[PDB]
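# Fold and contact review
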There are 2 protein chains.
Amino acid sequence: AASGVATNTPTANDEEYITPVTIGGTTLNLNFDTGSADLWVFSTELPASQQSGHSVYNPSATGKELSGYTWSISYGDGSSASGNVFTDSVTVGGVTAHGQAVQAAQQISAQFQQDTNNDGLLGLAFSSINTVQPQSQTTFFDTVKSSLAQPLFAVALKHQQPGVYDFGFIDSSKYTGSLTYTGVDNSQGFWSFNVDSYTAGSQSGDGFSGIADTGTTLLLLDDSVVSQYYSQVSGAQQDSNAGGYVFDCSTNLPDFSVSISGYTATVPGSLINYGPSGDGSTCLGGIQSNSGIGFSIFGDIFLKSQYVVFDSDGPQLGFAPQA
Amino acid sequence: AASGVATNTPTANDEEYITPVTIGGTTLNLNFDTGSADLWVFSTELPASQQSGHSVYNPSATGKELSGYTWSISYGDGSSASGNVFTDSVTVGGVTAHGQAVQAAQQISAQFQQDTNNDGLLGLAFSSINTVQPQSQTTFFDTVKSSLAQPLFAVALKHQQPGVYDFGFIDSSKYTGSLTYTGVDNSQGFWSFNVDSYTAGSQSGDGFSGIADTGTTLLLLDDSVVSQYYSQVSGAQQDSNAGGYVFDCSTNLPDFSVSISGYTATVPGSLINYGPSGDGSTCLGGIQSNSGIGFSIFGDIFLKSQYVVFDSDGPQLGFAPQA
Ligand SMILES: COC(=O)[C@H](Cc1ccccc1)OP(=O)([O-])CNC(=O)[C@@H](NC(=O)Cc1cccc2ccccc12)C(C)C
Ligand SMILES: COC(=O)[C@H](Cc1ccccc1)OP(=O)([O-])CNC(=O)[C@@H](NC(=O)Cc1cccc2ccccc12)C(C)C
Ligand SMILES: *[C@H]1O[C@H](CO)[C@@H](O)[C@H](O)[C@@H]1O
Ligand SMILES: *[C@H]1O[C@H](CO)[C@@H](O)[C@H](O)[C@@H]1O
Ligand SMILES: *[C@H]1O[C@H](CO)[C@@H](O)[C@H](O)[C@@H]1O
Ligand SMILES: *[C@H]1O[C@H](CO)[C@@H](O)[C@H](O)[C@@H]1O
């Protein structure tokens, strides 16, 4: 049976986490995103100017084209990309998916053209939301799932230190105590779960649902919760130059916690200080608005505090504090 | 209980079939497409130059915006469109869907910018393939299904004559004999069905699967079948100026038939003559290549010969020769 460990590494300010992935013999640095289900990469089909600063996949060398197939994706942050599709060998942490659909980029929005930290994205949401037309394809995980020792993957994202993606097994040395599981609603293709209540510093409130998303930098919550949190932070204010609420870097931030099936997942205030706002001397807050979408995005800021198991049997999510 | 009849009308050469749809009080002429699951329309968010020659939806007047939601779709013919989303009232044949997601176009590819025959598309494939992010929406049919007398719709597309879409009931005067049903595989979001065999003129062959698609003009089949068919047509040749095989308009074309759960659906040779090729004096064939996609597209050329019932219970498809 298979299993493997892929090492991730945060970019500046932990904006994104990249992991090497070998496709057709060429290694590319990809952003693993549990919030989408497409594996797409920079390719030789892009204008040469856009290939600069990246490792790129050449479909002609090893891929098998799916004639007539296309893909087009749009992300929450407004970026988008589109292209054609080939199948090829894809290896992640020593685990190889043969015949995996690789979506070759033919067009990419400005955001991707500016970001040289990654060469594409590897989706780990459920395959039901993969964008390939006319027939959708399975994610790397769904492709290899049956060959793994256990049909799960787990992640430990860290602050300014390498972390890991464990495939097919749980590394108990990565967390303290025992895991607590909660059921996942995959009806929208996400690893969605319910929280029974939350505590933002000195204020507590009722529950809501949200998704475990390695692909989102921040913890995005309802505006009422965001307001409630920052009302407690001395001098915090919105700064559109920075992208949201900012505050003096030396400010003491309250913790934020959520109750999930009896387990209290706590994000310490120190992790909520994301980093320099990039607008003078303030710091950007790790908690920001979810834009009114009706559900919360448990992004990297939250994930940095937990070891999380994505289990296809259930499906369900397991949580424990990172060691 | 509800039911209704919407009248469709073919454009020149039956290239597409349009039906009026009222959204927020404004009537737009839409192409009903059982091959996709998005209801999208020309809107005031498009460049003014692109609104010319169309009826357009103004979301500001009656729609409720879904903040943070987007959609992006790509069709088999290479066209694409993208935009934002609002919910509004949508009436088709006297049947009203309240709170229906209407996808307002913000960008449209050249193909749509050139086509003034329609003001958008109304998808009737299964909702599982709707493109709205972050949470997909239901098609008009899925929205109203529970209020209909029976959870089905049926279609009679005709050659150069108005046809109908029946919602929630079967009009037995539209076909001869009794309907024959066959099971539908909706795993890819299509009304997909199996044929046990086919006969192309004097040649018969083994089965394959395909989708019932009102949104595709032609009958798209595997290249081997296309070759087999045209090998029987005196002087037929490919003409890229026309888009596929062409032949002298006076040529006698063989019939094409498929066996579906014991019923023989026959497309007469006269219906396979699509019309003037638009390249001199030849005629374009109704049968053309499916581009190697691995399944057949039973488009309008085939549908013109049958009355077809799309039944959500099963699901299943019913067929009988049009009256
Ligand atoms: C399924 O979730 C998404 O698609 C998510 C969440 C979402 C969904 C719907 C609406 C809005 C957001 O977007 P996405 O996958 O595009 C998520 N993108 C990001 O997190 C990008 N990051 C950043 O952009 C850093 C960042 C900096 C400053 C302010 C921010 C305010 C909100 C979120 C991120 C901010 C990537 C560069 C890492
Ligand atoms: C789910 O099916 C689709 O998305 C289908 C079929 C498909 C799928 C995959 C690959 C190729 C094709 O494309 P679509 O929905 O874009 C289907 N488009 C059409 O039928 C367009 N029509 C025409 O373009 C007329 C037409 C003229 C000349 C040659 C043709 C050769 C093939 C098909 C149509 C031809 C629209 C103007 C009506
Ligand atoms: C992951 O688990 C597999 C199956 O037990 C091992 O073979 C592998 O070495 C790694 O520990
Ligand atoms: C990535 O790198 C880390 C640390 O270098 C290892 O722990 C892991 O096995 C993988 O090789
Ligand atoms: C469609 O069917 C409904 C329910 O029987 C009728 O009320 C309607 O007039 C139409 O015949
Ligand atoms: C569309 O128009 C046809 C014929 O004009 C009618 O049969 C149908 O009821 C609908 O009004």
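Residues numbered from 1 in each chain as written, not as in the entry; some residues may be left out. Chains lettered and ligands numbered in written order. Heavy atoms only, no water.

Per the PDB record, this model was obtained through X-ray crystallography at a reported resolution of 1.50 Å.

If you look chain A up in the PDB entry, it shows as PENICILLOPEPSIN from Penicillium janthinellum. The title field of the PDB entry reads "ACID PROTEINASE (PENICILLOPEPSIN) (E.C.3.4.23.20) COMPLEX WITH PHOSPHONATE INHIBITOR: METHYL(2S)-[1-(((N-(1-NAPHTHALENEACETYL))-L-VALYL)AMINOMETHYL)HYDROXY PHOSPHINYLOXY]-3-PHENYLPROPANOATE, SODIUM SALT". As recorded by UniProt, the Subunit comment attached to chain A reads in full: "Monomer." Under the UniProt heading Sequence similarities, the note attached to chain A is "Belongs to the peptidase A1 family." (UniProt positions renumbered as here; feature names shortened; annotations may be inferred.)

## Things to note about the UniProt feature "disulfide bond" in chain A
Residues and elements named next belong to chain A. The UniProt disulfide joining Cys-249 and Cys-283 is present here, with an S-S separation of 2.0 Å. One end of the pair, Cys-249, is in the loop between strand 16 (244–248) and strand 17 (256–260); the other, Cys-283, is in strand 20 (residues 282–285), and 34 residues separate them in sequence. Here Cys-249 falls in the partly exposed class, since its relative accessible area comes to 34%. By relative accessible area, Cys-283 is classed as buried at 5%. (Disulfide = S-S within 2.5 Å. Helix = DSSP H or I, 4+ residues; strand = E, 2+ residues; numbered from the N terminus. Buried < 20%, exposed > 50% of the residue type's maximum accessible area, 1.4 Å probe, protein only.)

## A word on the state of the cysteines
Residue and element names in this part refer to chain A. Counted according to the given criterion, the structure contains two disulfides over all chains. With a sulfur-sulfur separation of 2.0 Å, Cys-249 is cross-linked through a disulfide to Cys-283. An S-S torsion of about 100° defines the bridge between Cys-249 and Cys-283 as right-handed.

## Section: the nonpolar core
Core analysis: the largest hydrophobic core is formed by 93 residues, its most contacted members being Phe-256 and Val-258 of chain A together with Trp-40 of chain B. Those residues in contact with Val-258 of chain A, other than ones at most four positions away along the chain, are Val-195, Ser-197, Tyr-198, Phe-208, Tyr-263, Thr-264, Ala-265, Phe-298 and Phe-302 of chain A. (Core = buried A, V, L, I, M, F, W, Y, C linked by side-chain atoms within 4.5 Å. Contact = heavy atoms within 4.5 Å.)

## Examining the sheet that holds strand 14 (residues 219–221) of chain A
Residue and element names in this part refer to chain A. Strand order across the open sheet formed by seven strands is 18-17-12-13-22-14-21, with mixed pairing between neighbours. The open sheet is flanked by strand 18 (263–267) and strand 21 (287–289), the only strands paired with a single partner. Put simply, the sheet's adjacent strands are angled 35° from each other on average, direction ignored. Pairing of strand 13 (residues 203–212) with strand 22 (residues 296–298), which is carried by three bridges, proceeds in the parallel orientation. Each bridged residue has a counterpart across the sheet, and for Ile-211 the counterpart in strand 22 is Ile-297. Lying on the sheet, helix 5 (residues 223–230) is in contact with strand 12 (192–200), strand 13, strand 14, strand 17 and strand 21; it crosses strand 21 at an angle near 140°. (Pairing = 2+ DSSP bridges. Axes fitted to C-alpha atoms, helices over the stretch in contact; angles between N-to-C directions.)

## Focus on the site of ligand 3
Residues and elements named next belong to chain A. The environment of ligand 3 is made up of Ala-1, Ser-3 and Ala-149. Taking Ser-3, its side chain carries an N or O atom lying 2.3 Å from an oxygen atom of ligand 3. Protein contacts shield 39% of the accessible area of ligand 3, which totals 290 Å² for the unbound molecule. (Near = heavy atom within 4 Å. Polar contact = N/O pair within 3.5 Å; in protein donor to acceptor, adjacent residues only side chain to side chain. Areas by Shrake-Rupley, 256 points an atom, 1.4 Å probe, with all protein chains shown as cover.)

## Considerations on the packing of aromatic side chains
Residue and element names in this part refer to chain B. Enumeration over the complete set of coordinates arrives at 48 aromatic pairs over all chains. On the basis of an interplanar angle of 90° and a centroid distance of 6.0 Å, the ring pair of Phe-153 and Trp-191 is categorised as edge-to-face. Here the residue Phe-153 occupies a position in strand 9 (residues 152–156), and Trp-191 occupies one in the loop between strand 11 (180–183) and strand 12 (192–200), the gap between them amounting to 38 residues. Judged by centre distance (6.4 Å) and plane angle (25°), the ring pair of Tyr-230 and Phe-247 falls under stacked. Linking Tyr-230 in helix 5 (residues 223–230) with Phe-247 in strand 16 (residues 244–248), this pair joins segments that are 17 residues apart in sequence. Assigned by exposure class, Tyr-230 and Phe-247 land together as buried. (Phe/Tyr/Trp six-rings, centres within 6.5 Å; stacked < 30°, edge-to-face > 60°.)

## Some thoughts on the interface of chain A and chain B
Counting residues at the interface gives 16 residues for chain A and 16 residues for chain B. The interface formed by chain A and chain B includes zero salt bridges. At the boundary of chain A and chain B, one finds five residue pairs in polar contact. Classifying every residue of the side of chain A that touches chain B by side-chain character gives five nonpolar, eleven polar and no charged. (Salt bridge = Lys/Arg side-chain N within 4 Å of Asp/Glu carboxyl O. Nonpolar A, V, L, I, M, F, W, Y, C, P; charged D, E, K, R; others polar.)

## A short note on the sheet that holds strand 19 (residues 273–276) of chain B
All names here are of chain B. Read across the sheet, four strands follow the order 15-16-20-19 without closing on themselves; strand pairing throughout is antiparallel. On the outer flanks of this sheet lie strand 15 (237–239) and strand 19, each paired with one strand and no other. Strand-to-strand twist across the sheet, computed as the mean angle between neighbouring axes with direction ignored, equals 50°. Pairing between strand 16 and strand 20 (residues 282–285): three bridges, direction antiparallel. Across the sheet, residue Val-246 finds its bridge partner in strand 20, namely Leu-284.

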